[PDB]
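We give structure tokens for two forms of one protein chain below, kept apart as structure 1 and structure 2.
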Structure 1
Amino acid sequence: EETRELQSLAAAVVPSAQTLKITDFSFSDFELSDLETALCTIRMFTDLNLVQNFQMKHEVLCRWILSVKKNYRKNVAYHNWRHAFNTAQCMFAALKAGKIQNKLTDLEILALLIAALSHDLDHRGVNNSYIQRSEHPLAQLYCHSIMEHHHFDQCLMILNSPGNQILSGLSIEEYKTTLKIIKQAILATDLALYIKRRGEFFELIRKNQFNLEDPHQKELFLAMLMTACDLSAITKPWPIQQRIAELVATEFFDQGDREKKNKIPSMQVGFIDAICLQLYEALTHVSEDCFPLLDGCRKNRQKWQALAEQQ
């Protein structure tokens, strides 16, 4: 923890969302410093009116952002702070440009932004087995989103750390509700759960029966939205997506955790067809203004497929 970094961040001016380009679905962070990503994150909380509605003190929000960033591992090629930051930025764009904000309560928005920023906390890389030391070595197949429970645990620890309590201003009831939504939001990032619930979502939509007013359906939508944001690197402009695919590959093969480009195109096409395309199609139906995520995903499939056919 750099007291210098905190002082620096807390005293800095925070440019507008438009100046920071965070309202753009095509947003990239390659040109940004860590400080710049922290400032963008402050703007996200501010423009979603979370700072006002829940009386967050500036220094506390600043300290919390820095604690979150610090608890991601910089030696992990893809699953690091930049991934979480980008997941949060997609959530912001989906709520604003995507116009999903007016469809949710203030607590759901608050929880979704916190969850997006915290969903992969302390990730050690996909090529590194997550070991649950608190369970028997022969009985470690809970598969009940074990790593995600760990990410949530990390999130709660930071939310409760001295000087980092950004939810201090909520009443006890609001606090319990918010924690519950954050927890379900983080667990939703387990792709296994996404695949398990995909069916309902797609069916409900197929029959114009999707009712966001239904508590069960709304919870379902929040889970789908988290997945859409977690996977959004797949919708980025071509040069950015190539870079992001490169990072994932590195973490997977070169043990960027703690044959290649040649196999990447086929792999991205497969992932787009098996998981991504349908999700963004469904999201666009919920909110047409989310179309650019779908457009971006389709454009990338064609680019990767072309390379797959070897140019």
Structure 2
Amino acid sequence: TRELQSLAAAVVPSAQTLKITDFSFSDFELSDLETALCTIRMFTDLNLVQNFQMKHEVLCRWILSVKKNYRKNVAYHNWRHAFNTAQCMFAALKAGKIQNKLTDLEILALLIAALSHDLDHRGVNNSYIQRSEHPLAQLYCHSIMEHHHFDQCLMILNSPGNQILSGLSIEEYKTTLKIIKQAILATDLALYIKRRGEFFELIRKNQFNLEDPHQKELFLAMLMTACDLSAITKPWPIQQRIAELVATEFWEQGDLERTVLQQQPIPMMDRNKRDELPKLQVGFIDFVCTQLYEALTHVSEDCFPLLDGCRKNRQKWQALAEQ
């Protein structure tokens, strides 16, 4: 509660000051309070704060709430991931110049979504929770975790003194929430795969066009994924270290798989195989990433730094894979 006092009374530095306009941005050295501050600057500089009558008081409480609802004990999927995603998302709209391509309702939704896309993530993938018959699997059908992340997001927005949306007409609110649901679900890698093909072609065939309502909301999914794993597009020293966390969290799951599940983990989560990391990274980048960031640049050239940083790390992993 004092955390709210101190926060809702500190000066929010400029975006320039905070270097949040950068695709090459890092949080490693920021404090907790600083990250929250960036967030506020994000909302502010996207005009979300003024166009939706947000009270400094409320936004602050809300942000704080999301912060405290990411698990500390969880290796990669903690608050700094939600934060690094939203900053990527923010960088995309500004420097990548996409803001000029979509509505204020969409921007708001993307930001709120980016921030909460992994709420209460318990450091384990959809595959595991399904195969271990977690009650969450009994509750939700497909995109289990992502459904939960949203159930949470929404719980918080309905919390008292957290209604950062309170200012919206009922129609606005109603469709914002729709988009937010779509956004969070889109961060399910399975949907990214089962949908990206479609989108890769409209690009390929120089046919892709935002105006099209459907073509847009597809792209909005693709944009979510884009930011969700933007970490892979970071300077080597950063990519290095954040890959260290993904590493541990995976291995942590791998342990559970053979200790409670009594199965063998995939090599990627097989702690013992730590020496096959870099090729596993390479294959993943090839399979999941380059493909996507290429696309994103065709849509917006100013988004190229992402593609550049991506293949640049792929370069360094490949080298390593060859010892």
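Rigid core here is just the name for the largest C-alpha set that superposes within 1.5 Å across the two forms. One-based numbering along structure 1's sequence throughout.
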Structure, 1 versus 2, that is the form solved without 3-isobutyl-1-methylxanthine (IBM): 1
Quick check on the comparison between structure 1 and structure 2: with the core aligned, only one of 101, 154, 132, 80 should show a Cα shift of at least 2 Å. Which one is it? 132
Indicate whether residue 238 shows a C-alpha shift of 2 Å or more between structure 1 and structure 2, with the rigid core used for the fit. no
Rigid core superposition, residue 143 Cα moves 2 angstroms or more between structure 1 and structure 2: yes
Residue 211: how far does its C-alpha move between structure 1 and structure 2, core aligned, in angstrom? 1.2
